[PDB]
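S.K.:
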RNA sequence: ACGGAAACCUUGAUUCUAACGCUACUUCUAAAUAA
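Residue numbers (the authors' numbering): 1 to 104.
Here you go:
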């Protein structure tokens, strides 16, 4: 993810709701396991330590993500997800079908 | 110059009539956490 970053409000919410202090651990099949067997499996190589845990849940429907910015050639700030992009949209696909009995 | 000679245990008769390999059932559910 380069077009976006973690929002500061979500980071603060995760910080002092203390969700990182209540991690859950999973094995290679994604089944919940205690930290002791997670450590055992990671040491023996039967678990990938990277993608095998979760940071509980942040309460409150907060947006996880904000747009990330960059510098233009003018030295101005600009969102990374906006720009020249491309140009191919056509108009639509008008499929006629002026006979369907539309229910009220 | 045999208690001997001549005599088919033979004739016809469907192991046949009726009966659903049948009943319910979406090749389908879950996307966390991190960035």
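Positions of the beta carbon are idealized from the N, C-alpha and C atoms, including for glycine.
Would the C-beta of residue 103 count as close to the ligand SAH, meaning under 7 Å from any of its heavy atoms?
M.R.: In the structure on display, the ligand SAH does not appear, and there are no ligands present to speak of.
S.K.: Return the Cβ separation of residue 5 and residue 68 in integer angstroms, given the expectation that the two are a contact with Cβ distance under 8 Å.
M.R.: Right, the Cβ-Cβ distance comes to about 4 Å (below 8 Å), so this counts as a contact.
S.K.: If contacts are defined as beta-carbon pairs under 8 Å, then residue 17 and residue 58 qualify, I think. What distance do you get, rounded to the angstrom?
M.R.: Indeed they touch by this definition, with Cβ atoms about 6 Å apart.
S.K.: If you follow the alpha helix (DSSP H) that residue 10 is part of, which residue opens it and which one closes it?
M.R.: It spans 8–16 - the alpha helix (DSSP H) in which residue 10 sits, taken as one unbroken run.
S.K.: Within the continuous beta strand (DSSP E) that includes residue 67, where are the two ends?
M.R.: Taken as a continuous stretch (DSSP letters only), the beta strand (DSSP E) holding residue 67 covers 65–67.
S.K.: Taking the alpha carbon of residue 52 as the reference point, which residue from 23, 63 and 79 has its own alpha carbon closest?
M.R.: That would be 23, whose Cα lies nearest to the Cα of residue 52.
S.K.: Alpha carbon to alpha carbon, what distance is there between residue 96 and residue 38?
M.R.: If you take the alpha carbons of residue 38 and residue 96, they lie about 59 Å apart.
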